[PDB]
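Engineer: My questions will all concern the structure given below.
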Protein chains: 12
Amino acid sequence: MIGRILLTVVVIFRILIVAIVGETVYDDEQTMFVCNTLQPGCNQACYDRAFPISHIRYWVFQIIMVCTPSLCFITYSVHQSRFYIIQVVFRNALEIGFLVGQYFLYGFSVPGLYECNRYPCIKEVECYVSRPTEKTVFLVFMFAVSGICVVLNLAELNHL
Amino acid sequence: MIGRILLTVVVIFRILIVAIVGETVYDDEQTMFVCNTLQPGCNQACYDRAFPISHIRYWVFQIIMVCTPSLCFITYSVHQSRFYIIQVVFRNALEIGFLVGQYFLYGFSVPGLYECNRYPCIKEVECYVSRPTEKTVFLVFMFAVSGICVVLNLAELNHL
Amino acid sequence: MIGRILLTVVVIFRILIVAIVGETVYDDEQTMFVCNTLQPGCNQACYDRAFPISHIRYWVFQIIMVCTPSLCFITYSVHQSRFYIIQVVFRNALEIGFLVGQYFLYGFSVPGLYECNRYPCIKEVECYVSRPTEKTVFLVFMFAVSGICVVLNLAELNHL
Amino acid sequence: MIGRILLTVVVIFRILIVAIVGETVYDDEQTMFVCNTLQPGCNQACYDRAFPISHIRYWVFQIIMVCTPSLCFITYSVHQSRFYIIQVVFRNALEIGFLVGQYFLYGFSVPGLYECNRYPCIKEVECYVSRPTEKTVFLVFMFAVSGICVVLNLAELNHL
Amino acid sequence: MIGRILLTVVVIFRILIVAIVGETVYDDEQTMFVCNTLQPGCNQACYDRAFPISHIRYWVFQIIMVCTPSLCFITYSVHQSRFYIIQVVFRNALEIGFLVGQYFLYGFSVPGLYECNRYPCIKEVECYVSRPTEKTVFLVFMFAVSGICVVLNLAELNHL
Amino acid sequence: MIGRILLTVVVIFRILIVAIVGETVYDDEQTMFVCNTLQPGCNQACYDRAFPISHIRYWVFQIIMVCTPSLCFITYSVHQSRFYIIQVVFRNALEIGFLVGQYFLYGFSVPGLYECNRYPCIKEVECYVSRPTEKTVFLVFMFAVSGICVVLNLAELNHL
Amino acid sequence: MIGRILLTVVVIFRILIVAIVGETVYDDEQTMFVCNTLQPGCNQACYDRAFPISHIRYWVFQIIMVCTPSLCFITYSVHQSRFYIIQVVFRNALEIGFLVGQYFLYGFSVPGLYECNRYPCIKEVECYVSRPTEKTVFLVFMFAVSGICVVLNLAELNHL
Amino acid sequence: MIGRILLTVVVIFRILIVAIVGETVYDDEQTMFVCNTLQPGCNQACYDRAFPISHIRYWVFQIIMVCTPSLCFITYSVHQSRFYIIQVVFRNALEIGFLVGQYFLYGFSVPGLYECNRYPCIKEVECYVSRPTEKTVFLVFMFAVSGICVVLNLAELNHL
Amino acid sequence: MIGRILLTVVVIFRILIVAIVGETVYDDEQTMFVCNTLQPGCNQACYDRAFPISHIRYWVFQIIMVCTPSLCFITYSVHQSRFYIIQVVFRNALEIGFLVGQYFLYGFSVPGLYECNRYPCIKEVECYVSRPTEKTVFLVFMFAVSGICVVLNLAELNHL
Amino acid sequence: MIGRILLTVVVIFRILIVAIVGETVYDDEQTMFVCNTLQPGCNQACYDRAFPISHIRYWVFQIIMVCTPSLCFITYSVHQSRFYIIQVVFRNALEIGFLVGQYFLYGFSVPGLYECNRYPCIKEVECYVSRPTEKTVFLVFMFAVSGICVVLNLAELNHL
Amino acid sequence: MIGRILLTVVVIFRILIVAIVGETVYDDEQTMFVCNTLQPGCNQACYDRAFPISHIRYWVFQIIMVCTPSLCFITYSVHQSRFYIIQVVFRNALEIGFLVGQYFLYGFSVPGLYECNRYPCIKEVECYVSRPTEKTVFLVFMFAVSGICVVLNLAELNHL
Amino acid sequence: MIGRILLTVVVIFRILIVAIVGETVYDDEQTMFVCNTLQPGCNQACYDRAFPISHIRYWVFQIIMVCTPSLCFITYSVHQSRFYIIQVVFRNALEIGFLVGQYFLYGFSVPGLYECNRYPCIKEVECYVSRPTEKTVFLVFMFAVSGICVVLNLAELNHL
Ligand SMILES: CCCCC/C=C\C/C=C\C/C=C\C/C=C\CCCC(=O)O
Ligand SMILES: CCCCC/C=C\C/C=C\C/C=C\C/C=C\CCCC(=O)O
Ligand SMILES: CCCCC/C=C\C/C=C\C/C=C\C/C=C\CCCC(=O)O
Ligand SMILES: CCCCC/C=C\C/C=C\C/C=C\C/C=C\CCCC(=O)O
Ligand SMILES: CCCCC/C=C\C/C=C\C/C=C\C/C=C\CCCC(=O)O
């Protein structure tokens, strides 16, 4: 009983946190990225190698993707127990996959230094990241929230 | 039955994905485009030759264009089975044409280097693109979604 | 019968296209305009001579102006066949005048080079435009939409 | 009868024109203002002397000020012919005063050159304005609209 | 009777004026502040000494603070003559205090020059302000509006 | 009785103050941060060491976190005295913890100078902060509001 | 009799004037030559077109060339009236030819402005010369001295 | 008797002073000449107008010119009282003319500021001279030496 | 008889011309060499490829080398007809070899443009030379003098 | 007896020291003089105020001036005991005057900082000198040598 | 017999070649040395590591050192066969040692690229040399001359 | 006997080495001295603290000073065994004192890094020296030569 309330509260909290404040930490991600070199075009290559995909893009995609089964169920109901089981299983699988993917993609920390050896950069150069601590805190917070969501989903699945 | 629900869900998902996050990857498309030269006016010419039309503009136009028949049908109903068949055929043709056009215009990847030989640039110069990986991922995702939409439309057409 | 539906659909489509995407192509119109000279104040004069009025301003003004008769009719009705005829004639005249004015003002293409001979620029200098292809495509699209609107208005006028 | 409808249409048209497009022509008023000198602080002084108050600020203030009597009448009615006469007289006086003030403040054209002789600028220097033609067109359009409004108000006043 | 209507109109007018146009004059307050020196860090110190708190921040705080008693009364009524007297007294005191505080903080004019003698600036340097005339006009207008509000509040207090 | 009204008023006042004006003081936090050195990458490291987390982020997180129990209670009621006691205790604990955390994290003032000795900066360098006075005022105001909230919560807890 | 003394004095005076002070006016001929353009390589082309050969080089060559017959006569005498006549004729011819060549090459004045239309310069540009007045004075002085020398040589030739 | 010794000593002293130290004060005459403007080509024009001919050039020419009669007399003697008288008269005339010419050309002081109104400089600008005091001292010293020389020459002329 | 005198005069003339004026045309050979690129190190490589050895170095070496046999003969005489013949043959061979080498190394003209395709320069770039006309004139003059010397040496060789 | 030898040795030593090494310490006197300001023309004024006359110029003038009586005596002897006495007195007076003048002009040390308050510099600025220690050592050494010379001259004067 | 003449000629030729032209190739050795980095102080360290001692310094030292025995012999003779033998042996040893030292120090070629990994340079950077070809030619020429000198010295030693 | 010859040879060798090549290593001593900071005036102070007196100045002074007794003896002889002894003692003392002074002033090596903590430099900064290896080699060579000179002087002193 309380599990559903907690799940809804956690989902809304995650959505609000991502929407309100997330899109400002990464505003100047590339403008403040500097490398120690004179070669034109090294900054772009090194930034693209360091950060292939931004964290906020991944989190937005995950948020939108993990809420499709509810829309499908609502649409079916409007047009109108098996659907419940199928959607619960799909939600659990989606959440677990997204959590594992985040872990394998980003890790647990954002270092303040990067070593870049991509053309046109000559040999290996050093580049400096902007705001590592805030991004590390964001990473840890999102991981914790996703873990709580996964735990609640598994508990609900095992209830039936 | 389920086909209509899936089609609506896919359409709404595509619209949301394009609207929320698409208009930020391409924000600094031209500000971070750099060429290796001293000649004034080479950057503008080379950028215009590399990217005649931005991806987001094309996707917005496609999204708006593929939803006209529904508006026409709604307007006719408000003023008030042949119309259904005609609009289904028109939608299928529009989707197929837009998919083929996207493929012929952009391809499947965005390279990180460009070779530019347009006046006033002297002989051939080299220019460097910003964020190739994110744009490649966006291209592949949009192509997949459009393919799914085309498949569903063809299935619905063949149902009757 | 279908003519009214098509006219409304075209009007709404034009309004949406102008509103959503139009105000971003011209965002950096003057920041990326460069001339080959060292004289202060030549860039401003040459930009003002090349582009006295931006396209988006003209299109917004046209959109707002071509929808006044409907507001007048609605206001008269709220306060409450001759008015219908008068407003149809006024709309036709406004649309034709705006189309001819656009043609005489801008033409059909935006060249990538400009020759500037305005004070304080010494003799004749060369300046380079930003994004000619997108603006040419926009010009052609708007001209086509306006032509379709004019054709439909003339057909409706000749119906009675 | 038609006079009231025309007055309302003109007021709404003016408000929409000012709101939608006005706040973008003057966005870079000071960033693109350049003077021919090396002295620090001459640009700020010369810009402040050339343009003490921006046009858009004046127009917004005028728009907000010329619509107070209607609010007063509505509030009195909610709390609940002399009030009608008093508010008509007040509106006429406000409109005439604002028109005369605009004429005495700005004139009919915005020149492309300015001569500046304010400290710390040494002797007389020359400064260059950005977008004179668009601002001149805006000035003329606003003057015409205000004149039409004044004419309609005087006609309504003389009706009774 | 008319006093309440005038007070409400003045309050709404002040709120609208502050909200719509106020937040654009001060947009580039610090970017266009220049001092005549080569020492790093002198600009920040001199700007902070010249303008400890921006005018718009103070005005927003005053606007929000002078409308608390109404919210308290509304909340008490929803939960449900002494409260009326207490809230009137509180409003009068708040308005008078804010007016006196504004006068003691800012004055009546914004000079175009500042003399700065704060570390790390060596001896005394000169700095140049941006847009003094507009800010002076804003100061005078806000002072006049606040004075009118205080007069009306005192009249209402003395009525009973 | 009055305690609930005061608590609600204080909460709404805090939310409005944070939302409307807070997100503009810290807009240029990193762009105007300057250090006295020539070494690339020293600015980023020194800024990250001086300000690990921005104040506005912390305040937004606190505001969102201190209002979860109300949402939980509302959800339980919609699904439908112990819950009241539990949520009151949780709110008190959350507020006290957040206040103590703010005190231990930030303190009571923002100095205008910082001493930085982080790699790649050689030995110890000096960096200069932007807008210390406004941020100090914000710190003190937020601390006072939070203290008032804690006092009211403790009073309500002791009432029962 | 006096003619020989005057000729020797004039020759020595010319040599001393050229040697001592001539090689310093033209020291910064190319470093202070500036053109109004941004195109790389325009300065070199325009300087080479304006001044194919420096004046001092021509004068040094003339000085060395007009004194060969004396060396030939001295060498013949050391090895040891016809030779006298032949060398006088040769000297007269050399002096006349050099004077006419100087006139046809340089003229009588050095203007302070030049119009340059050589690749890579686009269309026609303007360039600014350094020290026109000193070079004009030098030109006139050298022409006068050469004329006096020619007159004396012709007088000596006609004596016999 | 002593007059000849004093004249020879003064001549040798003047020659040595001019030769050894004179050619270093004016080494950076044009490199350190700065004008307050942004217009290319204003520095060259203003420097040429301020200093048409350098002082050292004039002094070298005067030194070389005032010693020709001695060379003529020596040459005549080698080839071998009227010549004595003629050369004395010529020397006196040359010295007086050169002194008057120096006075009319340069004056008695070198100011530290110049007002320049020559094309391409717009209106009147201000330029700053390098080393005024040393050049003033040099001017006065040379004038005094030349005056002493003239006095001695006149005394010798009047002796016979 | 006259041949020896002419040969000595030509040799001395060549030596004087090379010594006095040659070492100033090439003073700024590398400082004024500019290439159209942003790549560091392209200027050095392109200059070294365009001008492996300077003309003046070659001419100085040739001048010193073509006068060794005279020194050898003088030394032998001091220590003290076959030697005469041997040294004449050696001189003729040296002069012919140096002339042919100059022709094969440099040619007859110095172009004003160079095409450079050496690492690190990307593809082919364009570089601009300084003072082509003076260097071409010098080349032609030196070639003519060397040819005259060779002709005289051959005539003397054939005399015996 | 030994006094004459010591005087000659000291004079030659002073001349050699001044000639060989003196003219290199002051080579970059003005190029390395920097002031903390942005105002054009402040560097020239402040340098001219700090160093009206260079030390080396004064020392060269003194060296040349203190050796005139010997030249006068030599000239009189060539043309050919009172002259001896007169020249000794003149030399003593010249040396004493030059020593006192040096002391009153320069002092005993060259500080590394200067405070400048001359137009166009605003208020008082700070400027930094180049090579204070070497110049101080030179000052002390020259003062000591001049003192020794004065002592020897006085001893010789008192001998007779 | 001829060996002594050849040795003297070679020595004088080497001295002249080194003196006249050698001191101009290396004039801009360090000014045109560029490295691809932004770190201050990397250029100095990398230049010092690449070229510890300049070639011209070594050659001058060798030239001066290999001619001491002749001075010693001349001094002994002036003061006035064993000395002959001793000085010949010393000269041979000195020449052989200097040749071997040159070979071990410099080699046979000067590359156009250098790899630098000295503090403060981060990891390994690339630097570009100026005029490699001329310096290689100089190296080879000096080596050949020194070898010829060594051969002649050994022949003379073996003669006795 | 041989000792005098060796002493003269060493003295002449030292003089030649110092004169010919010494004055070029230190030509750019201050132009290539760089410190890691942004503060104006830190470079001058740090250079003056690192190198109070240049090595070449000290060596020139020592060379000139150690040869005074010979001049005194020559002058006494021209005017014309105790003098011999006195001058030998004076020379020995001068040489020993100069050697010890050099050791105490400079040491044995020139490091490539310097730590500077002089006003206006903030705290301690790092500066980079130019050409440490050449200067170290020069130091060692001069020390060795001076030691040899001292040894020879002591041997000569002990001979008698
Ligand atoms: C300064 C505050 C303004 C923030 C503006 C930023 C973004 C727009 C708002 C939300 C987008 C962010 C995250 C995902 C939110 C909603 C997805 C809809 C899900 C659904 O419907 O199933
Ligand atoms: C210029 C004014 C515009 C400001 C835009 C900025 C931010 C968007 C608005 C609010 C976010 C700021 C603070 C927290 C507010 C609400 C949290 C929701 C709490 C709940 O629902 O429990
Ligand atoms: C600052 C003064 C130093 C000036 C140095 C400049 C040049 C060197 C001197 C002279 C060269 C100039 C002009 C021609 C002079 C002599 C030619 C020799 C003629 C002959 O022998 O038949
Ligand atoms: C401004 C004029 C000063 C020029 C100074 C330049 C160079 C020094 C002089 C001459 C060197 C140039 C060319 C070759 C001359 C002589 C070689 C000696 C031949 C021999 O002895 O067999
Ligand atoms: C442009 C030409 C001027 C060149 C000036 C350069 C240097 C000065 C001259 C010579 C120094 C160079 C090399 C060695 C020469 C002589 C050493 C003396 C040997 C001895 O006496 O035993």
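Each chain in the structure tokens gets a letter, A, B and so on, in the order shown; residues start at 1 in every chain, and ligands are counted from 1 in the order they appear.
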Give as an MDAnalysis selection string the residues surrounding ligand 5 up to a distance of 8 Å, considering only C-alpha atoms and all ligand atoms.
Structural biologist: (chainID K and resid 15:16 18:21 23 60 63:64 67:68 71) or (chainID L and resid 16 20)
Engineer: Show which residues sit within 10 Å of residue 47 in chain L, as a ChimeraX atom specification. Count only C-alpha atoms, and ignore same-chain residues fewer than 3 positions away.
Structural biologist: /J:130-131 /L:29-30,33-35,42-44,50-52,114,116,127-129
Engineer: Next, write the just-selected residues to a file, as a tab-separated table (two decimals), in the first residue's frame, keeping N, CA, C and O atoms as the atom set.
Structural biologist:
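Writing done, so here's again_16.tsv:
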```
chain	number	residue	atom	x	y	z
J	130	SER	N	63.77	50.35	-14.82
J	130	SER	CA	64.54	49.20	-15.26
J	130	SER	C	66.00	49.35	-14.84
J	130	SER	O	66.61	50.40	-15.06
J	131	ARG	N	66.54	48.30	-14.23
J	131	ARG	CA	67.94	48.26	-13.81
J	131	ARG	C	68.30	49.39	-12.84
J	131	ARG	O	69.13	50.24	-13.17
L	29	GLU	N	69.47	39.38	-22.58
L	29	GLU	CA	69.33	38.87	-21.22
L	29	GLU	C	67.96	39.20	-20.64
L	29	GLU	O	67.31	38.34	-20.02
L	30	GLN	N	67.49	40.43	-20.82
L	30	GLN	CA	66.25	40.88	-20.20
L	30	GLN	C	65.04	40.72	-21.10
L	30	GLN	O	63.91	40.62	-20.60
L	33	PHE	N	63.60	37.18	-20.53
L	33	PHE	CA	63.31	36.83	-19.14
L	33	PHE	C	61.81	36.95	-18.90
L	33	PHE	O	61.24	38.03	-19.06
L	34	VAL	N	61.18	35.84	-18.52
L	34	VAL	CA	59.73	35.77	-18.39
L	34	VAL	C	59.38	35.22	-17.01
L	34	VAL	O	60.05	34.32	-16.50
L	35	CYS	N	58.34	35.79	-16.41
L	35	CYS	CA	57.81	35.33	-15.13
L	35	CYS	C	56.35	34.95	-15.30
L	35	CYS	O	55.66	35.47	-16.18
L	42	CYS	N	56.38	43.21	-12.27
L	42	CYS	CA	57.02	42.09	-11.59
L	42	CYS	C	58.25	41.62	-12.35
L	42	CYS	O	59.24	41.20	-11.73
L	43	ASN	N	58.22	41.69	-13.68
L	43	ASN	CA	59.37	41.24	-14.46
L	43	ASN	C	60.60	42.07	-14.17
L	43	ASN	O	61.70	41.52	-13.98
L	44	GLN	N	60.46	43.40	-14.12
L	44	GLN	CA	61.61	44.26	-13.87
L	44	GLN	C	62.21	43.99	-12.49
L	44	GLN	O	63.43	43.83	-12.35
L	50	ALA	N	67.37	38.98	-9.51
L	50	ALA	CA	68.13	37.81	-9.93
L	50	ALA	C	69.53	38.18	-10.39
L	50	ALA	O	70.51	37.51	-10.02
L	51	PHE	N	69.66	39.24	-11.19
L	51	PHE	CA	70.93	39.63	-11.81
L	51	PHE	C	71.19	41.10	-11.52
L	51	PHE	O	70.95	41.96	-12.37
L	52	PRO	N	71.70	41.42	-10.33
L	52	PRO	CA	71.99	42.83	-10.02
L	52	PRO	C	72.98	43.46	-10.98
L	52	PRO	O	72.80	44.60	-11.42
L	114	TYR	N	64.13	30.64	-11.04
L	114	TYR	CA	64.31	31.60	-9.95
L	114	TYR	C	62.99	31.76	-9.21
L	114	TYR	O	61.92	31.73	-9.82
L	116	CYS	N	60.93	34.40	-6.88
L	116	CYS	CA	60.91	35.84	-6.70
L	116	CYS	C	59.78	36.23	-5.77
L	116	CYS	O	58.63	35.83	-5.97
L	127	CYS	N	60.24	32.50	-12.18
L	127	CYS	CA	60.75	33.14	-13.39
L	127	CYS	C	61.76	32.21	-14.06
L	127	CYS	O	62.38	31.36	-13.41
L	128	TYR	N	61.92	32.39	-15.37
L	128	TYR	CA	62.69	31.48	-16.20
L	128	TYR	C	63.81	32.23	-16.89
L	128	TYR	O	63.58	33.28	-17.51
L	129	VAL	N	65.03	31.70	-16.78
L	129	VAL	CA	66.24	32.35	-17.28
L	129	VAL	C	66.51	31.88	-18.70
L	129	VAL	O	66.02	30.83	-19.14
```
Engineer: Could you list, as a ChimeraX atom specification, the residues of chain B having an atom within 7 Å of chain I when counting only C-alpha atoms?
Structural biologist: /B:36-38
Engineer: So that I can check the surroundings of range 135-144 of chain D, please list as a ChimeraX atom specification every protein, DNA and RNA residue that reaches within 8 Å of it, counting only C-alpha atoms and ignoring chain neighbours fewer than 6 positions away.
Structural biologist: /D:25,99,108-110
Engineer: Write out as a PDB file with C-alpha atoms, in the first residue's frame the residues lying within 10 Å of residue 3 in chain G, counting only C-alpha atoms and excluding same-chain residues fewer than 2 positions away.
Structural biologist:
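around_37.pdb, freshly written:
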```
ATOM      1  CA  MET G   1      90.918  76.443 -63.613  1.00  0.00           C
ATOM      2  CA  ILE G   5      88.167  72.736 -58.029  1.00  0.00           C
ATOM      3  CA  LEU G   6      84.402  73.274 -58.009  1.00  0.00           C
ATOM      4  CA  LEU G   7      83.795  69.882 -59.643  1.00  0.00           C
ATOM      5  CA  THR G   8      85.951  68.081 -57.077  1.00  0.00           C
ATOM      6  CA  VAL G   9      84.301  69.938 -54.194  1.00  0.00           C
ATOM      7  CA  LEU G 152      80.284  71.777 -65.069  1.00  0.00           C
ATOM      8  CA  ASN G 153      81.093  68.687 -67.141  1.00  0.00           C
ATOM      9  CA  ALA G 155      81.564  73.474 -69.643  1.00  0.00           C
ATOM     10  CA  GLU G 156      84.805  71.511 -69.320  1.00  0.00           C
TER      11      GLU G 156
END
```
Engineer: Quick one: residues within 10 Å of residue 62 in chain E, only C-alpha atoms counted, chain neighbours fewer than 2 positions away excluded, as a ChimeraX atom specification?
Structural biologist: /E:56-60,64-67,94-95,98-99,102
Engineer: Export, as a compact mmCIF listing (two decimals), in the first residue's frame, the selected residues with N, CA, C and O atoms.
Structural biologist:
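The resulting again.txt:
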```
# COMPACT_ATOMS: atom_id res chain seq x y z
N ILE E 56 16.91 46.85 -8.68
CA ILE E 56 15.79 45.97 -9.00
C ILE E 56 15.57 44.94 -7.90
O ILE E 56 14.43 44.59 -7.58
N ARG E 57 16.66 44.43 -7.31
CA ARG E 57 16.52 43.50 -6.20
C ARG E 57 15.77 44.14 -5.04
O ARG E 57 14.84 43.55 -4.47
N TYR E 58 16.17 45.36 -4.68
CA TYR E 58 15.51 46.07 -3.59
C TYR E 58 14.03 46.29 -3.89
O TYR E 58 13.17 46.10 -3.02
N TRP E 59 13.71 46.70 -5.12
CA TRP E 59 12.32 46.97 -5.47
C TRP E 59 11.48 45.70 -5.45
O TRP E 59 10.34 45.71 -4.99
N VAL E 60 12.04 44.58 -5.93
CA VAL E 60 11.31 43.32 -5.90
C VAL E 60 11.04 42.90 -4.46
O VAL E 60 9.94 42.47 -4.10
N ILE E 64 7.29 42.46 -2.74
CA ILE E 64 6.83 41.22 -2.14
C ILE E 64 6.51 41.43 -0.66
O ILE E 64 5.55 40.85 -0.13
N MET E 65 7.31 42.25 0.03
CA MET E 65 7.13 42.41 1.47
C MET E 65 5.89 43.23 1.81
O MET E 65 5.24 42.96 2.83
N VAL E 66 5.55 44.23 0.99
CA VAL E 66 4.43 45.11 1.33
C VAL E 66 3.07 44.48 1.08
O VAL E 66 2.05 45.16 1.26
N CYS E 67 3.01 43.21 0.68
CA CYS E 67 1.75 42.54 0.40
C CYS E 67 1.54 41.28 1.24
O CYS E 67 0.75 40.41 0.85
N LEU E 94 5.33 49.48 7.22
CA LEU E 94 6.22 48.87 6.24
C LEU E 94 6.51 49.83 5.09
O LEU E 94 7.66 49.99 4.67
N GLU E 95 5.47 50.49 4.57
CA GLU E 95 5.67 51.41 3.45
C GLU E 95 6.57 52.57 3.85
O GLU E 95 7.49 52.93 3.10
N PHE E 98 10.21 51.36 4.19
CA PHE E 98 10.85 51.08 2.92
C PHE E 98 11.18 52.36 2.16
O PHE E 98 12.24 52.46 1.53
N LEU E 99 10.28 53.35 2.19
CA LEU E 99 10.57 54.61 1.53
C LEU E 99 11.81 55.28 2.13
O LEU E 99 12.72 55.70 1.40
N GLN E 102 14.97 53.37 1.13
CA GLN E 102 15.38 53.65 -0.24
C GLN E 102 16.09 54.99 -0.33
O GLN E 102 17.15 55.12 -0.95
```
Engineer: In Å to one decimal, how far is CA of residue 73 in chain F from atom 19 (C, counted along the ligand's line) of ligand 2?
Structural biologist: 14.7 Å
